[PDB]
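Step one of this worksheet: look at the structure below.
Just so it is clear, none of the values below were taken in a lab; they were calculated from the coordinates. Neighbour counts run over all protein chains shown; Cβ positions are idealised from the backbone, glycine included.
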2 protein chains.
Amino acid sequence: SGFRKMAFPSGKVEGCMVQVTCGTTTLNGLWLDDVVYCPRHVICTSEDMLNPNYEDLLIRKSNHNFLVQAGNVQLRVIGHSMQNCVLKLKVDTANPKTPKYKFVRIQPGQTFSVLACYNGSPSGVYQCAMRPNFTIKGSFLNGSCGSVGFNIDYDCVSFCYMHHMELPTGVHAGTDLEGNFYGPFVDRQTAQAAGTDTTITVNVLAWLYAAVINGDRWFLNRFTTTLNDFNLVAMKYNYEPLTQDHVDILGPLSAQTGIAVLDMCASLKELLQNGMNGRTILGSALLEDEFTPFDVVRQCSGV
Amino acid sequence: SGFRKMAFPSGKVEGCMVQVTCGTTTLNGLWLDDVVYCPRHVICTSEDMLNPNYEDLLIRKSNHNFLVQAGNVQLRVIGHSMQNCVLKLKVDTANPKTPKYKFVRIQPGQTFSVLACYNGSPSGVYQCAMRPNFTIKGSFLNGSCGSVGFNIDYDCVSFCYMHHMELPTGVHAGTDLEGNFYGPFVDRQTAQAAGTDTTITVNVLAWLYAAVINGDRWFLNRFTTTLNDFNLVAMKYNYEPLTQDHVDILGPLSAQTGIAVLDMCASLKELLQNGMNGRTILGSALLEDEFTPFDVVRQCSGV
Ligand SMILES: *[C@](O)(C(=O)NCc1ccccc1)[C@H](C[C@@H]1CCCNC1=O)NC(=O)[C@H](CC1CCCCC1)NC(=O)c1cc2ccccc2o1
Ligand SMILES: *[C@](O)(C(=O)NCc1ccccc1)[C@H](C[C@@H]1CCCNC1=O)NC(=O)[C@H](CC1CCCCC1)NC(=O)c1cc2ccccc2o1
């Protein structure tokens, strides 16, 4: 028993982190087979961030303008190209530590582990969710660009995020590993800001099931609700609408606890309306939305 | 910016996890150089857990009663011994992936990363604190025994915990890597229970400094306190007494934020007395005590 915000073991990703330098700009890159992936703004100077034309900047570079360092070993760059907002540097050596991997573009509400890295060196690992507003509430300092987010499934690393920037509210924005931003953001300095966010309802319900699995039951009630009356109150509290697909996703947790999904929705309605009255759930005094139904199942009854 | 419950990258420890089997009992072991470390209760049957005499049980075993599996490879056991509550199995092959490492016995209030593992296979990584009552609030299922806790410091892994059991409140107990339990617990089935716990005051103060570094300031006030009046209210709220050594430890964070330690104590006093009144600090509606001063410094201004 017990329930923690657990990240995936990070070793498979650690073996892929490298340092990329162009001019005076250094950031992290991801070295898979004979390719190194990094944010294209490594080719930017201080003068170019306002409105850069990356096609222009890149055509003015050659392979030798890119210094890739993997541990102590320098990797020679033998080709370079741009794909959306990521630069791909072909190197003359395939990473011997390449895991089985794929690139995935995730949906909002999905979770993933971030390996924070500086100068190609991993610093820490933590779990987070893609917010409905396409930002992530990370922990990133100067030099963290190029750090990646990922899930692991039976020894296959699915990479889903590459870090690019910090927004004025202190939340973070970035791309999939094919260089497409999550949300409306662009890699230039503009007035862009996070839109209004919402709470990930299906995840809150998953976490309430985790609490029951772990013996917190105080928030249950004898009531039920219809999906539409529930979605009425969710709209009121800035929660995402719950779909029938969400209900189907929550089926296994419902079956394991004997608590119908719409009954758990009646508990969530009561918690939204009444607060928690000085009590906690799984050691939190707030409703937690960073655990998917799959996260709960993995952690509570699996290995 | 941003502040997350961040664990150490786990790769150096992943390369050391193995599976140990004795009879019908299987758990995790830690393979460093030519030694595998695991809980001695791997030699226990279902009939022996009440009051086992481990010297007896062990003298009745030979090297061939222990099956050690590292990935797909079987490791041959060539010696065995007991050290407190850990078994040491000398194997004929030194782990090629052994990191620079040491064994440390930590003090209550110190934090560390746990690599949860099942059948020698890492499942997840998370951060936690040794509680004042010498238990940890982990996330552990059947098969997790032998999973370890650790810190990393410049490529040296300091191992400080090995998992052994779950107490009736759902919290966890275990040993250092030399097999000495944290707290009064023993490796047998008895009425043992966690004692009353307290909140780790110096850590709460560290985390309030993290909040200031990150722009949460709403809880500050113009007041100061003396150490003794503060410790009076801390005693009242089941907080650990704050020492001058704690104050000295918090010095660098004080210096970086310009907030004297005793002034931050006056803020904590006000928060204890008044609650948070529907507000949050670093995304929490409770006062967080699982971050040491060193954790804050590492995460907020370092790599
Ligand atoms: C990222 O580029 C990075 O880590 N670069 C390496 C580095 C090393 C030393 C100093 C700076 C950068 C960086 C990650 C940011 C940094 C700030 C703290 N947390 C983060 O996640 N990303 C940026 O600095 C981006 C750079 C833009 C350049 C043009 C292409 C798009 C990205 N900028 C910002 O994050 C940012 C925040 C902010 C606030 C006010 C004015 C400008 C501004 O930029
Ligand atoms: C740990 O031994 C383990 O993982 N063993 C491998 C394994 C594989 C399959 C089934 C069981 C064990 C295990 C870790 C526990 C398990 C329960 C959930 N969370 C955990 O952390 N540890 C135990 O099972 C210990 C065993 C004792 C045997 C004698 C030496 C001291 C340890 N027991 C308990 O944790 C425990 C909890 C509990 C509650 C009621 C009655 C007995 C009881 O034992």
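I'm checking my understanding of the structure. Among residues of segment A:1-31 that are of a type in the set (A, V, I, L, M) and farther than 23 Å from B:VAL125 by Cα, which one is surrounded by the fewest Cβ atoms within 10 Å (Cβ to Cβ)? I'd like the intermediate steps shown before the answer.
Step one: of segment A:1-31, the residues of a type in the set (A, V, I, L, M) are A:6-7, A:13, A:17-18, A:20, A:27, A:30.
With farther than 23 Å from B:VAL125 by Cα added as a condition, the list becomes A:20, A:27.
Details: A:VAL20: 28, A:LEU27: 24.
Only one residue tops the list, namely A:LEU27.
Of the residues that sit in segment A:265-303 and are within 13 Å of chain B (Cβ to nearest Cβ) and among the basic types (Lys, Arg), which one is nearest to A:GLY2 (Cα to Cα)?
A:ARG298
Look through segment B:152-170, keep the residues that are more than 9 Å from chain A (Cβ to nearest Cβ) and either within 16 Å of ligand 1 (Cβ to nearest atom) or assigned to a loop (DSSP other than H, G, I, E, B) (or both), and return whichever of them is surrounded by the fewest Cβ atoms within 10 Å (Cβ to Cβ). Steps first, answer last, please.
Initial filter on segment B:152-170 (more than 9 Å from chain A (Cβ to nearest Cβ)): B:152-165, B:167-169.
Within this subset, residues satisfying the condition of being either within 16 Å of ligand 1 (Cβ to nearest atom) or assigned to a loop (DSSP other than H, G, I, E, B) (or both) are B:154-155, B:167-169.
Numbers: B:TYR154: 5, B:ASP155: 10, B:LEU167: 15, B:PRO168: 9, B:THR169: 13.
Among those residues, the one meeting the criterion is B:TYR154.
Do any helices (runs of 4 or more DSSP H) entirely within segment B:199-285 hold 1 or more residues that are within 26 Å of B:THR135 (Cβ to Cβ), and if so, which?
Details: elements: B:201-213, B:227-236, B:244-249, B:251-257, B:261-274.
Helices (runs of 4 or more DSSP H) meeting the threshold: B:201-213, B:227-236, B:244-249, B:261-274.
Given the conditions (1) closer than 30 Å to B:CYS117 by Cβ; (2) touching a residue at least 60 places away in the same chain (Cβ under 8 Å); (3) loosely packed, with under 15 Cβ neighbours inside 10 Å; (4) of a type outside the set (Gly, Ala, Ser), and given that A:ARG279 satisfies all but one, which numbered condition is not satisfied?
(1)
Looking at segment B:8-23, which of its residues are charged (D, E, K, R) and more than 7 Å from chain A (Cβ to nearest Cβ)? First the steps, then the outcome.
In the first step, residues of segment B:8-23 are kept if they are charged (D, E, K, R); the result is B:12, B:14.
If the condition is that a residue be charged (D, E, K, R) and more than 7 Å from chain A (Cβ to nearest Cβ), then B:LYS12 is the only one that fits.
Filter segment A:14-42 down to residues that are in contact with a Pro (Cβ under 8 Å, 6 or more places away or on another chain) and outside any strand (DSSP E or B), then give me how many there are.
4
Taking segment A:171-188 as the region of interest, how many residues are part of a loop (DSSP other than H, G, I, E, B) and within 29 Å of B:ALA211 (Cβ to Cβ)? Spell out the reasoning first.
Taking segment A:171-188 first, the residues part of a loop (DSSP other than H, G, I, E, B) are A:171, A:176-180, A:182-188.
Keeping just the survivors that are within 29 Å of B:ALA211 (Cβ to Cβ) gives A:171, A:182-183, A:185.
Residues in segment A:171-188 being part of a loop (DSSP other than H, G, I, E, B) and within 29 Å of B:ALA211 (Cβ to Cβ): 4 in total.
Give segment B:2-50 a look and list any residue that's within 16 Å of ligand 1 (Cβ to nearest atom) and either touching an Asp or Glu at 6+ places or on another chain (Cβ under 6 Å) or on the phi < 0 side of the Ramachandran plot (or both), or say none. Reasoning before the result, please.
So the first thing to find is which residues in segment B:2-50 are within 16 Å of ligand 1 (Cβ to nearest atom), and the list is B:2-4, B:6.
Scanning segment B:2-50 gives B:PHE3, B:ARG4, B:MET6.
Could you pull out the residue among A:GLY174, A:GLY149, A:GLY120 that is more than 10 Å from the chain's Cα centre (by Cα) and either within 16 Å of ligand 2 (Cβ to nearest atom) or within 14 Å of another protein chain (Cβ to nearest Cβ) (or both)? It would help to see each step written out before you state the result.
Numbers: A:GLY174 fails: more than 10 Å from the chain's Cα centre (by Cα); A:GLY149 fails: more than 10 Å from the chain's Cα centre (by Cα).
Result of the check over A:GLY174, A:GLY149, A:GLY120: A:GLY120.
Just checking, does segment B:180-191 include any residue being within 14 Å of chain A (Cβ to nearest Cβ), within 11 Å of ligand 2 (Cβ to nearest atom) and of a type outside the set (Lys, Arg)? Write out each step before concluding.
Narrowing segment B:180-191 to residues within 14 Å of chain A (Cβ to nearest Cβ): none.
No, every residue in segment B:180-191 fails to be within 14 Å of chain A (Cβ to nearest Cβ), within 11 Å of ligand 2 (Cβ to nearest atom) and of a type outside the set (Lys, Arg).
Within segment A:114-135, can you find the residues that are in contact (Cβ under 8 Å) with a residue 40 or more places away in the chain and either in contact with a helix residue (DSSP H, G or I) (Cβ under 8 Å, 6 or more places away or on another chain) or within 22 Å of A:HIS246 (Cα to Cα) (or both)? Give the steps one after another, and end with the answer.
Filtering segment A:114-135 for residues in contact (Cβ under 8 Å) with a residue 40 or more places away in the chain gives A:114-115, A:117-122, A:125-135.
Once the filter is applied, which keeps residues that are in contact (Cβ under 8 Å) with a residue 40 or more places away in the chain and either in contact with a helix residue (DSSP H, G or I) (Cβ under 8 Å, 6 or more places away or on another chain) or within 22 Å of A:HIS246 (Cα to Cα) (or both), segment A:114-135 yields A:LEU115, A:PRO122, A:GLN127, A:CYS128, A:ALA129, A:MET130, A:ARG131, A:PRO132, A:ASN133, A:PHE134, A:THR135.
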